[PDB]
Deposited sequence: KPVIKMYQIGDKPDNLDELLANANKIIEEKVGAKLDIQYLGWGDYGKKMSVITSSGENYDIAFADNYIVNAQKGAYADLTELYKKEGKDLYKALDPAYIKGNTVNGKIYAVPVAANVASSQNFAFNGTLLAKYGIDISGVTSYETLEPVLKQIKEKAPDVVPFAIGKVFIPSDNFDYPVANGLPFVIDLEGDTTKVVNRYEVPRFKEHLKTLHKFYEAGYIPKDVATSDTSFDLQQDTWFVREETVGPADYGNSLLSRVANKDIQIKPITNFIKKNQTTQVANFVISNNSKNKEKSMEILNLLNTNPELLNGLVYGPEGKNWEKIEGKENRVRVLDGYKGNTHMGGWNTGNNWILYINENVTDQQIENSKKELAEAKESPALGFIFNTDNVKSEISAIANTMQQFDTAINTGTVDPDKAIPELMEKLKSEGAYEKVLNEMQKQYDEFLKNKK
């Protein structure tokens, strides 16, 4: 009977009507409701979602935007009770880090999509060029050790961009940024895990920037890196890129499929479960929703029913995909899947009930299982930085930071010159040390509780 309205980020599938009509046969029979999914786009999602949540505007489910803050404001139904019955199977199937990462004032407001609960940063190499020039990447574990292979591609293929990075680039390390900004503050997971530090004062981080500046000067990264936001994976204009890979991607499988060619990966950071990885794809139930129970029931089903979820994420069976006879849980993806004819895997539901593409090797499935099992939590997982005392000081730092940020992070300027200038500018007003100490203070209390 009741129509449950869901808001989703991005652009609709071409066949959304058909997808939902197929899905709703299962939903209607299982729960006695029907799902309506409306897509609000990519660009202005926050903006659109903020209007919806501020007014008494009717919706039941939404892909959450600015989740942590809105959860504190009571914008979302408390799922604590919802999870013991209606969301029982979903709660049981969720990795503990998903609950921890999404708890706000002692309660859970989210149905997170179980996927890349942990992720690593990787160099992704263009296998076509790797094979053409016989370039050996077995020594590559860091920015520093990337240098010899960049020199070789510069040698051998001078029109190719060696390291394809853009204006958004910053070196990755084993750091946790618990609060999504804006700000240079991290927990160094290899340092003192009790201390909030500035990334630009971490010795090996400064070394990454020195390396990147050398890479800049040698022509390994675009001259116009600071203004560029361009390198389609399928094209051969690039040699190496930085890519986030998690267990739901099955190693190089996802990248190699999208690139439609061999993509080889070399990790540079450890697989970590943190705020960023546990909060990336959350569904929320509206605080002012007439069917909280049934909305939760649909979410339970979306995340536990293989036929339902696979129909949505892979699209029409027989046209977009086929089951492999004799191989349970395995599918052959067809030409139709190349279209905009299905929903996204990352933001629809539990990836662990998704059928596994035939091109994923046995070793990749095993490697994925192990990485997921062996992934450690950050000590800052579930840390909420309350900005109420420091909202003005935060904007002041952001304002200063945003002037020098891009030049430094891309390695456009010499960090030996630019970091001391930026630090001097920040330390010359009062905002910087206030936000740092406030963050440290809250992180102290966070670790004291728990313990």
Tell me which segments of the deposited chain sequence are not represented by C-alpha atoms in this structure. 231
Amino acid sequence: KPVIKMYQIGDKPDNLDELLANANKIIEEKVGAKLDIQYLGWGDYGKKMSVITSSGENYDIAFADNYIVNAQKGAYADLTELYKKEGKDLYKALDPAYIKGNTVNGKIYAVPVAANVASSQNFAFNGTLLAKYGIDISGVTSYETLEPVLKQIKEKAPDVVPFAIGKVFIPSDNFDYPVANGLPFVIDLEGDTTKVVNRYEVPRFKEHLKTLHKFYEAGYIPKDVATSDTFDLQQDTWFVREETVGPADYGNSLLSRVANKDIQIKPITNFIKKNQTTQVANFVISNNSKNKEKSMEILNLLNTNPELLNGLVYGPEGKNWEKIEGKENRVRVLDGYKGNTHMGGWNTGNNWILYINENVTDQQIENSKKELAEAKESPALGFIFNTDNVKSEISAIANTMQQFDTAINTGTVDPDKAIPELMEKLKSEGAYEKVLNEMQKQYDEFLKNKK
From here on, numbers count along this sequence of modelled residues.
Please work out which of 76-84 and 326-334 has the higher mean CA B-factor as recorded in the PDB entry. 76-84
Which has higher Cα B-factors on average according to the PDB entry: 30-38 or 52-60? 52-60
Using only the C-alpha B-factors in the record, can you name which of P178, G318, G311, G166 has the highest? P178
Of the residues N357, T230, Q276, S368, the one whose Cα carries the largest B-factor in the deposited record is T230
Quick tally, chain-level thirds of C-alpha B-factors: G182 sits in the highest
Based on the entry's values, in what third of the chain does the Cα temperature factor of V117 lie: lowest, middle or highest? lowest
Test of reading the entry: by CA B factor among the chain's modelled residues, which third contains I384? middle
For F123, does the deposited CA B-factor place it in the lowest, middle or highest third of the chain? lowest
Divide the modelled residues of the chain into thirds by Cα B-factor and specify which third, lowest, middle or highest, holds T244. lowest
